[PDB]
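Note sheet for the following structure.
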Amino acid sequence: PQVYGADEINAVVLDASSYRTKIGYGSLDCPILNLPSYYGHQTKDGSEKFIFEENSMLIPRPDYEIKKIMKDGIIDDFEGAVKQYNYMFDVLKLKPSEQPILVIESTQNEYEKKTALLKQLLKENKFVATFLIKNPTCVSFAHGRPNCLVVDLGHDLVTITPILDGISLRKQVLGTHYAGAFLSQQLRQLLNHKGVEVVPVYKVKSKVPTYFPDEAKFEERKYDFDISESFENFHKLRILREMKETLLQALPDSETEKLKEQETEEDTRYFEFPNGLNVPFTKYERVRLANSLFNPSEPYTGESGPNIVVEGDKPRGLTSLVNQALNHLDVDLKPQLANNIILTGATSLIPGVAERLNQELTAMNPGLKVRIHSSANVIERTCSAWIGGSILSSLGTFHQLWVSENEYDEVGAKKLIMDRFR
Amino acid sequence: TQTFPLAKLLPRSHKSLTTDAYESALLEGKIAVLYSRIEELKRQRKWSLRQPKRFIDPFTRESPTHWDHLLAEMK
Amino acid sequence: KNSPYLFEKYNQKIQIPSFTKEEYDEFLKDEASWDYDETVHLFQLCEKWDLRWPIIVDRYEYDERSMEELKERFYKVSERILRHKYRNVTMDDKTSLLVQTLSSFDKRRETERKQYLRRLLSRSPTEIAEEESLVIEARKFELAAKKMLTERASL
Ligand SMILES: Nc1ncnc2c1ncn2[C@@H]1O[C@H](COP(=O)(O)OP(=O)(O)OP(=O)(O)O)[C@@H](O)[C@H]1O
Ligand SMILES: [Mg+2]
């Protein structure tokens, strides 16, 4: 029979994205585990204890702190990162020395970090095979278009990596720091101006609804110990997550026209914090908050989200960033990348951002058909990188590219392997 | 239409006219002006439908490399 | 021990005749400032990446002044010179003569082509809207040629 089918090797596919790491098996369709990119630490006792499971971190503990690992898509705190990887392997009950491991990572990465990761995976965990495919190529693999312009809209970094014929263009990456973190800080300072104090979930033990903007009754369960600031920040991150999920909505730069009307319609919504303070949000504030991704009009410095330029006079915003990325491409392949725009990123779920992005791109780039491709399924938007990793590991011909432990020893220098075998 | 335009015949008519004859005359006039504008745009080398032929690499079109088979399995 | 593990059938490698230091004597005659190191680097890049010009120029690291068409022209002229020097004793025909033929390219034409394409892509919105309207109206007049021709013949 003709070999249309691909061969599956049971190879684990690992991801190290900025906010969440998504492990899974080879030929499946969904990641088995997706832990957040944080690792706990408790030093109350003389010894040291680590807490890595997502559920176990959220509970209060006497002396407990939470430290970030994935800063900007590059691995940091490698000593804790390897511990998290080992725990994640142990929970999955993976069998070493008989399963290849495919590791995905961002476009920009330190060479020393790659060397350390490969050395640990090949000499400590004793995995037989390894590989390091770049994240934008892997996302393109997930969506099945081998010639596309990946436009990521993640939490920390917005990355636009052009891809020609299935491989990324390293020098053509445009990295802007205006991303979900910018929205988080901006909405935090908006909450600060309004005087609303967000309380964590664990503090609330008995509460009653109160729609008035004034303070509301909320019985507090106070523990004997003291709570760290990082713990409270991580807990508040969840509340900002649902609040960004629900409140935000973007419109095509017509906010100034209906600025007066929106108060007249009284279309404000309420977001109930665990405290119970159902804070009203006028439609103008939500619309401006959503549009802030596309033009950073906020002049309050963004609370440590300062002015940034490509590969980081005025921050450009998403639409002009995409226009700049398109312009630098050669005219030979510019229409090919224009007609195939893959927009990944969980922040794309904000209604209307993709539609007005398409409108701005087609208006500001006349005569070049710009069709934006996204995904209807939520799991495809959220974990496209792992989908691409799984499909690449399941591919038959790809198997002539695995990096072996004996091959790594014989070559010795990681420079030769990284340039050729990636 | 331009080998013998109708706008020359209509003033010289010896038979009863009709709206339809003037319809046809206006339509051929529109044909003429559209073609004239097309030619004027082509002369200025601003016509998108006319482009220079692009070079083709002889090596790529002959044999399939490993990456292309991998991309078939991809799709 | 089914050595034909499938998928090895596709371990096809694109073949590009190579040059060594000795063969550079034939290449000695040919802001360019080309030399042995740059040529061998170009050939290694073209052998590794399966002749994809944008990825080759992007992964290129010897020096940044090298432009797409310069690389293309240098590669084509080196290939044709080597091939002709390799069909000198026994005349080359068929497929190989045909490639030699195509490789009688020209770098100036393409830069003209690329400049022309950029100029067209840089046109104002009004001009390109007018062009689109002209094409639409031309096709609209196209679709009813038969009836118009018959009516003109009758008139
Ligand atoms: N429906 C939603 N709309 C908008 N933002 C959301 C939504 N759901 C979650 N978020 C938040 O938006 C951010 C999106 O992070 P995402 O998971 O896409 O990043 P990642 O996997 O770390 O990868 P990368 O940042 O490199 O693109 C997170 O902070 C997440 O909590
Ligand atoms: Mg991320």
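Grab the DSSP H runs of chain A that are 4 residues or longer, score each as -39,500 (n - 2.57), total them, divide by all residues and round the 222 nm result to the nearest 500 deg cm²/dmol.
About -10500 deg cm²/dmol.
If you split all Cα-Cα distances of the stretch A:59-131 into 5 Å bins from zero, what percentages do you get per bin, shortest first?
It works out to 3, 13, 23, 24, 18, 10, 6, 4, 0, in whole percents.
Past the 26 Å Cα-Cα mark, which pairs from A:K134/A:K334; B:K53/C:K21; A:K67/A:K207; A:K222/A:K283?
B:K53/C:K21; A:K67/A:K207; A:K222/A:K283
Need the C-alpha centroid separation for chain B versus the stretch A:392-422, integer Å.
Here the two parts' Cα centres lie 54 Å apart.
Compare the Cα positions of A:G276, A:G412, A:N125 along the charge dipole of chain A (+1 at Cβ of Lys, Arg; -1 at Cβ of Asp, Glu; about the Cα centre) and return the one farthest towards the positive end.
A:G412
Per 5 Å bin, what is the whole-percent P(r) computed from every C-alpha pair distance within the stretch A:179-299?
So the P(r) values, bin by bin, are 2, 10, 18, 21, 19, 13, 8, 5, 2, 1, 0.
For A:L251, A:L149, A:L343, which order do you get if you count the other beta carbons within 10 Å of each Cβ and list the fewest first?
A:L251, A:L343, A:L149
From the phi of every residue in the stretch A:42-53, what ³J(HN,Hα) in whole Hz does the Karplus formula 6.51 cos²θ - 1.76 cosθ + 1.60 yield, where θ is phi - 60° and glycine or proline is x?
After applying 6.51 cos²θ - 1.76 cosθ + 1.60, I find 10, 10, 5, 7, x, 7, 10, 10, 10, 10, 10, 4 Hz.
What is the Cα convex hull volume of chain C when expressed per residue in Å³?
Values: hull volume 49.0 nm³, N = 155.
Convex hull of Cα atoms, per residue: 316 Å³.
For a quick check: sort A:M418, B:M74, C:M91 by the number of other beta carbons within 10 angstrom, fewest at the front. Intermediate values should be presented prior to the final figure.
Working: A:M418 16, B:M74 21, C:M91 7.
With the fewest neighbours first, A:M418, B:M74, C:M91 line up as C:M91, A:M418, B:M74.
I need the P(r) histogram for the stretch A:304-380: all alpha carbon pairs, bin width 10 Å from 0 out to the longest distance, whole percents.
The percentages, shortest bin first, are 15, 45, 33, 6, 0.
Just tell me which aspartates and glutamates come within less than 15 Å, Cα to Cα, of B:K75; anything on the same chain fewer than 8 places away is out.
A:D7, A:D165
Assign unit charges at the C-beta atoms only (+1 for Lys and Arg, -1 for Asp and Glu), then state the dipole size of the stretch A:179-299 relative to its Cα centre in Debye, rounded to the nearest 20. The partial results should precede the final answer.
Details: 18 positive and 22 negative charges, 74 e Å.
Here the size comes out at about 360 debye.
For the stretch A:122-166, which chymotrypsin sites (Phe, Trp or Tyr not before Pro) are in a loop by DSSP, counting at most 10 other Cβ atoms within 10 Å?
none
Tell me which residues come under 5 Å, amide H to amide H, from C:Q12 once H is placed; ignore anything under 5 positions away on its chain.
Long-range HN contacts for C:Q12: B:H66.
Rounded to the nearest 500, what is chain B's calculated 222 nm mean residue ellipticity when only DSSP H runs of at least 4 contribute -39500 (n - 2.57) each, over all residues?
Calculated at 222 nm, the ellipticity per residue is -16000 deg cm²/dmol.
Report, ordered by chain and residue number, the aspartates and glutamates lying within cross-link reach of A:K217, taken as a straight Cα distance under 14 Å and ignoring same-chain residues fewer than 8 apart.
Within the straight-line limit of under 14 Å, A:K217 reaches these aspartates and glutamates: A:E197, A:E272.
In the protein assembly as shown, what percentage of the DSSP-assigned beta bridges are antiparallel, given to the nearest 5?
About 70 percent, rounded to the nearest 5.
For the protein assembly as shown, with the dipole built from +1 on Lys and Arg beta-carbon atoms and -1 on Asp and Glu ones, taken about the Cα centre, which of A:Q84, B:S48, A:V378 lies farthest toward the positive end?
My answer, from the dipole projection, is B:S48.
With runs of 4+ DSSP H residues as the only contributors, calculate the mean residue ellipticity of chain C at 222 nm using -39,500 (n - 2.57) per run, divided by the residue total and rounded to the nearest 500. The partial results should precede the final answer.
Working: 8 runs with 95 residues, N = 155.
Result for chain C, helices only: -19000 deg cm²/dmol.
Give a residue-ordered list of calculated ³J(HN,Hα) values for the stretch C:102-110 (Karplus: 6.51 cos²θ - 1.76 cosθ + 1.60, θ = phi - 60°; whole Hz; x for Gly, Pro).
Each residue's phi maps through the Karplus curve to give 5, 6, 7, 8, 2, 6, 5, 4, 5 Hz.
With θ taken as phi - 60° and the coefficients 6.51, -1.76 and 1.60, list the Karplus ³J(HN,Hα) couplings across the stretch A:56-73 in order, rounded to whole Hz; mark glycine and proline as x.
Taking θ as phi minus 60°, the curve returns 6, 6, 5, 6, x, 9, x, 10, 9, 9, 10, 10, 6, 10, 7, 6, 9, x Hz for the stretch A:56-73.
If you take the C-alpha gyration tensor of the stretch A:265-419, multiply each eigenvalue by 5 and take the square root, what semi-axes do you get, largest first, in whole Å?
Those come to 38, 24, 19 Å.
Take the residue pairs A:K83/A:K203; B:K42/C:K107; A:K71/A:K119; A:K194/A:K236 and return only those whose Cα atoms are more than 19 Å apart.
A:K83/A:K203; B:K42/C:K107; A:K71/A:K119
Quick one: Debye curve from the alpha-carbon atoms of chain A only, equal weights, vacuum; give me log10 I(q)/I(0) at q = 0.13 Å⁻¹ to two decimals.
These q points yield log10 I(q)/I(0) values of -1.24.
Amide H to amide H under 5 Å from A:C148: which residues, 5+ apart in sequence or cross-chain, H placed 1.01 Å off N in plane?
A:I163, A:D165, A:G166
Counting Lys and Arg as +1 and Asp and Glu as -1, each charge on the Cβ, what is the dipole of the protein assembly as shown about the Cα centre in debye, to the nearest 20?
Dipole of the protein assembly as shown, to the nearest 20 debye: 2260 debye.
Every number here is computed from the coordinates shown, using simple stated rules; none is lab data. Cβ atoms come from the backbone with ideal geometry, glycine included; neighbour counts cover every protein chain shown.
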